[PDB]
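Structure file my_file.txt (compact mmCIF, N, CA and C atoms) follows.
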```
# COMPACT_ATOMS: atom_id res chain seq x y z
N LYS A 1 44.24 -8.57 -2.61
CA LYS A 1 43.52 -9.83 -2.51
C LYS A 1 44.24 -10.78 -1.56
N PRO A 2 43.50 -11.59 -0.82
CA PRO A 2 44.14 -12.60 0.04
C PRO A 2 44.96 -13.58 -0.78
N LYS A 3 46.22 -13.75 -0.38
CA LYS A 3 47.16 -14.62 -1.08
C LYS A 3 47.17 -16.04 -0.51
N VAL A 4 46.04 -16.51 0.01
CA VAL A 4 45.98 -17.83 0.61
C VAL A 4 46.08 -18.90 -0.47
N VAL A 5 46.70 -20.02 -0.12
CA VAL A 5 46.89 -21.15 -1.03
C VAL A 5 46.23 -22.36 -0.38
N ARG A 6 45.10 -22.12 0.29
CA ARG A 6 44.37 -23.13 1.06
C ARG A 6 44.37 -24.49 0.38
N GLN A 7 44.63 -25.53 1.17
CA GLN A 7 44.73 -26.91 0.69
C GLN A 7 43.82 -27.82 1.51
N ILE A 8 42.57 -27.40 1.69
CA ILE A 8 41.59 -28.17 2.45
C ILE A 8 40.46 -28.67 1.54
N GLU A 9 40.73 -28.75 0.23
CA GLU A 9 39.81 -29.13 -0.85
C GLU A 9 38.81 -28.03 -1.17
N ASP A 10 38.87 -26.89 -0.49
CA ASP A 10 38.16 -25.67 -0.86
C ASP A 10 36.65 -25.78 -0.72
N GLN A 11 36.13 -26.96 -0.37
CA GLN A 11 34.70 -27.13 -0.13
C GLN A 11 34.38 -27.13 1.36
N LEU A 12 34.95 -28.08 2.10
CA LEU A 12 34.80 -28.21 3.55
C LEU A 12 33.33 -28.07 3.96
N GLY A 13 32.53 -29.04 3.52
CA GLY A 13 31.12 -29.05 3.85
C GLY A 13 30.88 -29.45 5.30
N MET A 14 29.65 -29.20 5.75
CA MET A 14 29.25 -29.59 7.09
C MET A 14 29.26 -31.10 7.25
N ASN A 15 28.76 -31.81 6.23
CA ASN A 15 28.71 -33.27 6.26
C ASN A 15 30.09 -33.91 6.20
N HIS A 16 31.14 -33.13 5.94
CA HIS A 16 32.51 -33.64 6.02
C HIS A 16 33.03 -33.58 7.46
N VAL A 17 32.83 -32.45 8.13
CA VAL A 17 33.23 -32.32 9.53
C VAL A 17 32.42 -33.28 10.39
N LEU A 18 31.12 -33.41 10.12
CA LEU A 18 30.30 -34.34 10.88
C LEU A 18 30.78 -35.77 10.70
N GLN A 19 31.11 -36.15 9.47
CA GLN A 19 31.60 -37.50 9.21
C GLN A 19 32.95 -37.74 9.89
N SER A 20 33.84 -36.74 9.84
CA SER A 20 35.14 -36.90 10.49
C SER A 20 34.99 -37.03 12.00
N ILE A 21 34.06 -36.29 12.59
CA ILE A 21 33.81 -36.41 14.02
C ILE A 21 33.24 -37.79 14.34
N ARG A 22 32.33 -38.28 13.50
CA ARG A 22 31.77 -39.62 13.71
C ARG A 22 32.86 -40.68 13.65
N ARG A 23 33.79 -40.55 12.71
CA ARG A 23 34.85 -41.54 12.57
C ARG A 23 35.83 -41.47 13.74
N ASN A 24 36.27 -40.26 14.09
CA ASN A 24 37.33 -40.12 15.08
C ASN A 24 36.79 -40.19 16.51
N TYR A 25 35.68 -39.51 16.79
CA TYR A 25 35.10 -39.44 18.12
C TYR A 25 33.68 -39.99 18.06
N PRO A 26 33.51 -41.32 18.00
CA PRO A 26 32.15 -41.87 17.91
C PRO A 26 31.37 -41.72 19.20
N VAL A 27 32.01 -41.91 20.35
CA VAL A 27 31.32 -41.72 21.62
C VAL A 27 30.96 -40.26 21.82
N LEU A 28 31.72 -39.35 21.22
CA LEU A 28 31.39 -37.93 21.23
C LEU A 28 30.45 -37.55 20.09
N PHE A 29 30.32 -38.40 19.08
CA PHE A 29 29.36 -38.15 18.01
C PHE A 29 27.96 -38.61 18.40
N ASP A 30 27.86 -39.68 19.19
CA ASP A 30 26.55 -40.18 19.62
C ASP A 30 25.94 -39.27 20.68
N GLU A 31 26.62 -39.10 21.80
CA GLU A 31 26.18 -38.20 22.85
C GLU A 31 26.71 -36.80 22.60
N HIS A 32 25.92 -35.80 22.99
CA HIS A 32 26.19 -34.37 22.82
C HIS A 32 26.18 -33.95 21.36
N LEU A 33 25.91 -34.85 20.43
CA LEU A 33 25.91 -34.53 19.01
C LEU A 33 24.86 -35.38 18.31
N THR A 34 24.29 -34.82 17.24
CA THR A 34 23.23 -35.44 16.44
C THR A 34 22.10 -36.12 17.22
N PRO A 35 21.48 -35.43 18.21
CA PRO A 35 20.15 -35.88 18.65
C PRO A 35 19.05 -35.25 17.81
N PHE A 36 19.32 -34.04 17.33
CA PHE A 36 18.38 -33.29 16.51
C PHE A 36 18.81 -33.36 15.04
N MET A 37 18.72 -34.57 14.49
CA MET A 37 19.19 -34.79 13.13
C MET A 37 18.31 -35.82 12.44
N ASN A 38 18.02 -35.57 11.16
CA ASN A 38 17.31 -36.51 10.32
C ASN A 38 18.05 -36.83 9.03
N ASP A 39 19.20 -36.21 8.79
CA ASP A 39 20.01 -36.46 7.60
C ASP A 39 21.30 -37.20 7.94
N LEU A 40 21.21 -38.15 8.88
CA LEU A 40 22.37 -38.97 9.22
C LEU A 40 22.74 -39.92 8.09
N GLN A 41 21.80 -40.20 7.18
CA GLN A 41 22.08 -41.15 6.10
C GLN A 41 23.16 -40.63 5.16
N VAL A 42 23.09 -39.35 4.78
CA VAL A 42 24.09 -38.80 3.87
C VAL A 42 25.43 -38.65 4.59
N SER A 43 25.40 -38.28 5.87
CA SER A 43 26.63 -38.20 6.65
C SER A 43 27.21 -39.57 6.98
N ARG A 44 26.46 -40.64 6.73
CA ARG A 44 26.92 -41.99 7.02
C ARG A 44 27.47 -42.72 5.80
N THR A 45 26.96 -42.43 4.61
CA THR A 45 27.33 -43.19 3.41
C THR A 45 28.57 -42.60 2.72
N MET A 46 29.60 -42.33 3.51
CA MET A 46 30.91 -41.91 3.02
C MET A 46 30.81 -40.77 2.01
N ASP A 47 30.27 -39.65 2.47
CA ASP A 47 30.15 -38.45 1.64
C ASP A 47 31.52 -37.80 1.54
N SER A 48 32.23 -38.09 0.45
CA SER A 48 33.61 -37.63 0.25
C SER A 48 34.47 -38.02 1.45
N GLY A 49 34.59 -39.33 1.64
CA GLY A 49 35.20 -39.84 2.86
C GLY A 49 36.66 -39.42 2.98
N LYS B 1 61.08 -72.04 2.19
CA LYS B 1 60.37 -71.09 3.02
C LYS B 1 59.50 -70.17 2.18
N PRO B 2 58.35 -69.76 2.70
CA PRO B 2 57.51 -68.80 1.97
C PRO B 2 58.24 -67.48 1.76
N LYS B 3 58.27 -67.03 0.51
CA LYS B 3 58.96 -65.81 0.12
C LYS B 3 58.05 -64.59 0.15
N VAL B 4 57.06 -64.58 1.04
CA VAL B 4 56.12 -63.47 1.10
C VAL B 4 56.81 -62.23 1.66
N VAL B 5 56.38 -61.06 1.18
CA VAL B 5 56.93 -59.78 1.60
C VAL B 5 55.78 -58.96 2.15
N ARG B 6 54.86 -59.64 2.85
CA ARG B 6 53.63 -59.05 3.38
C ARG B 6 53.84 -57.65 3.92
N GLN B 7 52.93 -56.75 3.57
CA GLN B 7 52.98 -55.33 3.94
C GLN B 7 51.68 -54.90 4.60
N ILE B 8 51.21 -55.69 5.55
CA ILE B 8 49.97 -55.40 6.27
C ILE B 8 50.26 -55.08 7.74
N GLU B 9 51.49 -54.68 8.05
CA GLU B 9 52.03 -54.38 9.38
C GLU B 9 52.29 -55.64 10.20
N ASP B 10 52.03 -56.82 9.65
CA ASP B 10 52.48 -58.10 10.20
C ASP B 10 51.80 -58.47 11.51
N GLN B 11 50.97 -57.57 12.06
CA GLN B 11 50.21 -57.88 13.27
C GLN B 11 48.76 -58.25 12.95
N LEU B 12 48.02 -57.34 12.32
CA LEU B 12 46.64 -57.54 11.90
C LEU B 12 45.81 -58.18 13.02
N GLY B 13 45.65 -57.42 14.10
CA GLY B 13 44.86 -57.88 15.22
C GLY B 13 43.37 -57.85 14.93
N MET B 14 42.62 -58.53 15.79
CA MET B 14 41.17 -58.54 15.67
C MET B 14 40.59 -57.15 15.90
N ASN B 15 41.12 -56.43 16.89
CA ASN B 15 40.67 -55.08 17.20
C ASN B 15 41.01 -54.07 16.12
N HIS B 16 41.82 -54.45 15.14
CA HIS B 16 42.07 -53.59 13.98
C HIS B 16 40.99 -53.77 12.92
N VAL B 17 40.65 -55.02 12.61
CA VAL B 17 39.57 -55.29 11.66
C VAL B 17 38.24 -54.79 12.21
N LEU B 18 38.00 -55.00 13.51
CA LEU B 18 36.77 -54.51 14.12
C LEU B 18 36.68 -52.99 14.04
N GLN B 19 37.79 -52.30 14.32
CA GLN B 19 37.79 -50.84 14.24
C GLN B 19 37.59 -50.36 12.81
N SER B 20 38.22 -51.03 11.84
CA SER B 20 38.05 -50.63 10.45
C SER B 20 36.61 -50.84 9.99
N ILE B 21 35.97 -51.92 10.44
CA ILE B 21 34.57 -52.15 10.10
C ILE B 21 33.69 -51.09 10.75
N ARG B 22 33.99 -50.73 12.00
CA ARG B 22 33.22 -49.68 12.67
C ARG B 22 33.34 -48.35 11.93
N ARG B 23 34.54 -48.02 11.45
CA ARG B 23 34.74 -46.76 10.75
C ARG B 23 34.06 -46.77 9.39
N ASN B 24 34.25 -47.84 8.62
CA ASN B 24 33.77 -47.86 7.24
C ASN B 24 32.29 -48.22 7.16
N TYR B 25 31.85 -49.24 7.90
CA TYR B 25 30.47 -49.72 7.87
C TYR B 25 29.88 -49.61 9.27
N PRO B 26 29.50 -48.40 9.69
CA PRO B 26 28.95 -48.26 11.05
C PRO B 26 27.57 -48.87 11.20
N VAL B 27 26.71 -48.73 10.19
CA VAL B 27 25.39 -49.36 10.26
C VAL B 27 25.51 -50.87 10.21
N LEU B 28 26.58 -51.39 9.61
CA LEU B 28 26.86 -52.81 9.63
C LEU B 28 27.67 -53.23 10.85
N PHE B 29 28.28 -52.27 11.55
CA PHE B 29 28.97 -52.57 12.79
C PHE B 29 28.01 -52.62 13.97
N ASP B 30 26.96 -51.80 13.95
CA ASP B 30 25.99 -51.80 15.03
C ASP B 30 25.10 -53.03 14.98
N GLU B 31 24.37 -53.21 13.87
CA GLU B 31 23.54 -54.38 13.67
C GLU B 31 24.36 -55.49 13.03
N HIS B 32 24.02 -56.74 13.39
CA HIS B 32 24.68 -57.96 12.94
C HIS B 32 26.11 -58.08 13.45
N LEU B 33 26.59 -57.13 14.26
CA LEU B 33 27.94 -57.16 14.77
C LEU B 33 27.96 -56.54 16.15
N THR B 34 28.88 -57.02 16.99
CA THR B 34 29.05 -56.59 18.38
C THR B 34 27.77 -56.43 19.21
N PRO B 35 26.87 -57.45 19.22
CA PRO B 35 25.89 -57.50 20.31
C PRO B 35 26.44 -58.25 21.51
N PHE B 36 27.32 -59.21 21.24
CA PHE B 36 27.95 -60.03 22.27
C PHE B 36 29.38 -59.56 22.50
N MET B 37 29.50 -58.35 23.03
CA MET B 37 30.81 -57.74 23.21
C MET B 37 30.82 -56.90 24.47
N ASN B 38 31.94 -56.97 25.20
CA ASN B 38 32.17 -56.13 26.36
C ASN B 38 33.49 -55.37 26.29
N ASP B 39 34.27 -55.56 25.23
CA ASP B 39 35.55 -54.87 25.05
C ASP B 39 35.47 -53.87 23.90
N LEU B 40 34.33 -53.19 23.78
CA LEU B 40 34.19 -52.15 22.77
C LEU B 40 35.05 -50.93 23.08
N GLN B 41 35.46 -50.76 24.34
CA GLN B 41 36.24 -49.59 24.71
C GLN B 41 37.61 -49.58 24.03
N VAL B 42 38.29 -50.73 24.00
CA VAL B 42 39.60 -50.78 23.37
C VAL B 42 39.47 -50.67 21.85
N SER B 43 38.42 -51.27 21.28
CA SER B 43 38.17 -51.14 19.86
C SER B 43 37.68 -49.75 19.47
N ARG B 44 37.33 -48.91 20.44
CA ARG B 44 36.84 -47.57 20.17
C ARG B 44 37.91 -46.49 20.32
N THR B 45 38.88 -46.69 21.21
CA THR B 45 39.86 -45.64 21.51
C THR B 45 41.07 -45.70 20.57
N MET B 46 40.80 -45.81 19.27
CA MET B 46 41.81 -45.72 18.22
C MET B 46 43.01 -46.62 18.51
N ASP B 47 42.74 -47.92 18.59
CA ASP B 47 43.78 -48.92 18.80
C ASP B 47 44.54 -49.12 17.49
N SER B 48 45.67 -48.43 17.35
CA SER B 48 46.45 -48.42 16.11
C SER B 48 45.57 -48.04 14.93
N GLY B 49 45.06 -46.81 15.00
CA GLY B 49 44.03 -46.39 14.06
C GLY B 49 44.55 -46.39 12.63
```
Could you write out this file's structure as structure tokens?
Amino acid sequence: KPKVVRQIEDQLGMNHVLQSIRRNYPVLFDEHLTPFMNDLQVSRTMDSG
Amino acid sequence: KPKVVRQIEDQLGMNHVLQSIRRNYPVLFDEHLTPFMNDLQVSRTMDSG
């Protein structure tokens, strides 16, 4: 069995990476990202910030 | 003399509060905030993030 002791909260949802990109790279989150999106509300309201 | 032991990094610039508002309240940072602004670049490029 894999002996990994992963410490990334073991969930690592898509809405977490999207939120982190929005926070860190906002100019890169607006352009080239999320033009084809309708669930920006959940990614915006601090989903496990 | 004031005996304060303030632990807020002692600088607390405007571009720090603006950046924190942009990160935490983006929908509140876009509307009702920064329509009359031309220095969004420094507040965007992680000024003492």
Residue neighbourhood residue 24 of chain B, 12 Å, only C-alpha atoms, exclusion window fewer than 5 positions, as a PyMOL selection string: (chain A and resi 19-20+22-24+44-47+49) or (chain B and resi 17-19+29-30)
Report, in Å to a single decimal, how far apart atom CA of residue 7 of chain B and atom CA of residue 9 of chain A are.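 Here the two named atoms are 29.7 Å from each other.
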Run DSSP on the backbone and give me the residues of chain A it puts in alpha helix (DSSP H), as a PyMOL selection string. chain A and resi 14-24+26-30+40-44
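Reported to one decimal place, the separation of atom C of residue 42 of chain A from atom N of residue 21 of chain A is 12.0 Å.
Nearest residue to chain A among B:2, B:25, B:37, B:48 is B:25, counting only N, CA and C atoms.
With atom CA of residue 15 of chain A on one side and atom CA of residue 41 of chain A on the other, the separation reads 10.3 Å.
Candidate residues B:33, B:27, B:12, B:4 were compared for distance to chain A, and the nearest is B:27, using only N, CA and C atoms.
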Report, as lines of an AutoDock Vina configuration file, the axis-aligned box around all atoms of segment 8-23 of chain A present in the file, extended by 8 Å on each side; give centre and edge lengths in Å to one decimal place.
```
center_x = 35.6
center_y = -33.6
center_z = 6.6
size_x = 29.9
size_y = 31.9
size_z = 31.5
```
Of the candidates B:10, B:39, B:26, B:3, which one gets nearest to chain A if we count all atoms listed in the file?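 Closest candidate: B:26.
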